[PDB]
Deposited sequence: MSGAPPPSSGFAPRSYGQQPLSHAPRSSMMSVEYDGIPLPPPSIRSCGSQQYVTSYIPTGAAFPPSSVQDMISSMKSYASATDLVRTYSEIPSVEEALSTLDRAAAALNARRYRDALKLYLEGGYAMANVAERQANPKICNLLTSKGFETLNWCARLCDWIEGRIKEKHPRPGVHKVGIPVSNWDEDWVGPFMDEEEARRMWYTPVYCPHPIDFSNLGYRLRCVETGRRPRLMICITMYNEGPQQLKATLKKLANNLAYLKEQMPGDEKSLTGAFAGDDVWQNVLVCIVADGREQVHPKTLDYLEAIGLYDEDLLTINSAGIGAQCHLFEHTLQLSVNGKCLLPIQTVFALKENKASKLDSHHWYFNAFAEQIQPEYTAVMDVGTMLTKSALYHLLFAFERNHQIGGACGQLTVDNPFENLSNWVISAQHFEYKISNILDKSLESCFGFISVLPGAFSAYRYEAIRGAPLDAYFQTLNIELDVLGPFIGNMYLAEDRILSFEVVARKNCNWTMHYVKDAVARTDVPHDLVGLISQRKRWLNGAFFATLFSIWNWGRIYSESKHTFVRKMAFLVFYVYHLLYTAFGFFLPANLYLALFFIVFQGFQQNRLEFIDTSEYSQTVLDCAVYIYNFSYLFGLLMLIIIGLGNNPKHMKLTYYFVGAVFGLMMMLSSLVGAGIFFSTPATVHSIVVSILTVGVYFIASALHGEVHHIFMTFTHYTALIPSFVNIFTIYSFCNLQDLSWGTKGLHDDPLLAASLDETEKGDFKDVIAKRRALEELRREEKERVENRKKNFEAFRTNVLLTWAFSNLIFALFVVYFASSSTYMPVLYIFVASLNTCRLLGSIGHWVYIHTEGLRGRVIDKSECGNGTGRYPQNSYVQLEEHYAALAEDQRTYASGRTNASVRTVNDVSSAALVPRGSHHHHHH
């Protein structure tokens, strides 16, 4: 008991015994929050932040703070009058005030046609509150183009989010090259453009709109570059956006760019940096709704950040748009930059081959029928007459209506919604807008050089592609039900719909078909003595079954590991495992390719065999030679064929794995407010949990359907079909698909090379 008494006696003995600018910014931020919550008395009090500090020795900061204080005091007077009621107005907000500060860097040595000092030397900036970008023009926001009276006929969007300065600099240099090429067209000839895109004035009619995604995620080097080109200012942003509470901040500057001894054409640029992170869909929402509804361009082009365009990409797009007068939208060719260089990388070469083949075959076939599912990230352009209303409304339905009402089906559909916009353009009511694919308007992008980055990219691509394909398949009746196309166009669309259904059905069972083809040809030619270049009649009879058993077990274990990994961890720490699986599949397909080549060469090459082989495999080379670019295929065929199983299995599995990856009161009044806030928090948590439950349930159901359909098809073919009664069917199906694609490419080539001469009729 002595330790207890000692401790308690110890406790008993231990028992006895000028304002600031940051303050102004915080108070204005609180006032903005109070005004957001509609507490006008407190908002007026805290706003009256509004003059004593502007002690600053820096002339620019002193002027900015003086102007901000004066504007805030004027706004306080306006709000006080509003509360007094002598001025009646709906939803009061601080007045729109854009501040033009002299740019930090201006080049004394620069060459331009003609320009004014106010536009050239000074940079304009305005923070905007617009919650719904439709009433951007209603709240009084204007752009320098509108203020100066320039009426841009074409606008371009460059969505940018966490990129280095090099990509943006390359994109802007390429755009300047495009503008220079548009300037240098010879007048008074048949081929060149005429009208608003002539020389010496083309730079005024094109506006390049850079939409960021989040002030918290853009690269500091990116911001340093933007300040260097004279389009960003942290001090100006912080001073002039203190109490406005802007959702996005837009800076306007017709920036001048110089490269070596050649000074690029000035580019009319608007850069909308948005405060809260959102999706590329939200960036397009801001861009399209606000800026398009304001200046109303004739053509609207969209490209990602890092896509380098040739000198004639914009020229070819505009030429197509003017000469056709029917195209409701078009997209340029997507190409990997420097394909010849760095040929040692297999992933880069495989991506190059995939892009070239996809473009040529699929895009030519789809452009023949006037409906093209644009590749994600491709440099696509539309005309703002086929997109004005219902197409854009459908495009942004996901943002306008919360994901709970739509469901998971619509959300996964709108993951890559550029295809949805394309379909809505094609099937717009009471209008016949077809689509087009421009071969010569090549837009060079920079694809990932690692298998893990390729895996993530192809996951998002395949998710969007699959569900947009489902949308088109289910809603294809709208083309005949609502649109007014020609009867020939309706029949062509019906034929393409039949082809699309067959192609999508084949691609759904692609893993099962690939497994069956490899198994049958290679391993049941080896086991059952069907490889014409070798006699395995007797052998040991242990290796004969050992080959099939090893192949089956390796394939099944690889598929199980792939499913587990794709369902689980992010494919960035599994680089070694994914490289191992990809290398195993690649080596297996090189073995299969040599086995198939041996079989084809040892076969006495009957007429049916040679026709099928041509029409199945050599269709790639035939279409490439027709289009004039065959060296790319010649170089990248082996690299891509080494990556066919990785592509099919890994990418399809991972894409299907993550379908759910989607973005003066008293004390009684105080207690009631606390209870209401707690209840709203609980309801929001429950609603988010229900959203996640529905999304994950749909993901798992669709994944189970896909995987078990493939497994059941493979088992029923293996157990109930021989190589002689299935492989002819597979060859017929693949030959039919490649025949349709070859006919499409032939039609696209003949259309391009013939429509010029037959333009009179």
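According to the record, the deposited residues with no C-alpha atom in the structure span 1-22, 40-90, 122, 125-127, 132, 742-761, 860-925.
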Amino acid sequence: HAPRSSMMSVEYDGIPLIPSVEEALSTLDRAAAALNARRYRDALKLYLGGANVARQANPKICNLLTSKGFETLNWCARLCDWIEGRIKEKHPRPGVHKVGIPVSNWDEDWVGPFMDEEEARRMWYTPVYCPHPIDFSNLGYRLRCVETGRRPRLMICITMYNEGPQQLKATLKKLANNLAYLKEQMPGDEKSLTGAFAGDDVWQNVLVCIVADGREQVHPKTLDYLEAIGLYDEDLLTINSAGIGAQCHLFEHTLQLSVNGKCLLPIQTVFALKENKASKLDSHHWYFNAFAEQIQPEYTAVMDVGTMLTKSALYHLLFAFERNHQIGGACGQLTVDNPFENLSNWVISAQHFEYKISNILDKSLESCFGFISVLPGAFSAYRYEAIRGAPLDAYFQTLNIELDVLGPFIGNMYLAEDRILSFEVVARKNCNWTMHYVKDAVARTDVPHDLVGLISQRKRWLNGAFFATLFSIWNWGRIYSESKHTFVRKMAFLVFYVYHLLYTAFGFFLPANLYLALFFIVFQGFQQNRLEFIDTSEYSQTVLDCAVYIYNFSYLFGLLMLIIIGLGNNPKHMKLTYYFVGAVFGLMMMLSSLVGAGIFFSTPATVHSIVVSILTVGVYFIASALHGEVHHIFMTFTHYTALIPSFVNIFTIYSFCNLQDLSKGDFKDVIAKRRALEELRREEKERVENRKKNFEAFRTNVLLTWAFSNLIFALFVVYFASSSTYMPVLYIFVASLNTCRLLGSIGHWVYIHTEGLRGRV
From here on, numbers count along this sequence of modelled residues.
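In this text, rigid core is short for the largest set of C-alphas that superpose within 1.5 Å between two forms.
Note on 675-683 and 373-381: with rigid core alignment, C-alpha atoms in 4 other deposited structures of this protein sit farther from this form for 373-381. After superposing on the rigid core, the larger RMS C-alpha deviation in 4 other deposited structures of this protein belongs to 532-540, the other candidate being whichever of 532-540 and 644-652 remains.
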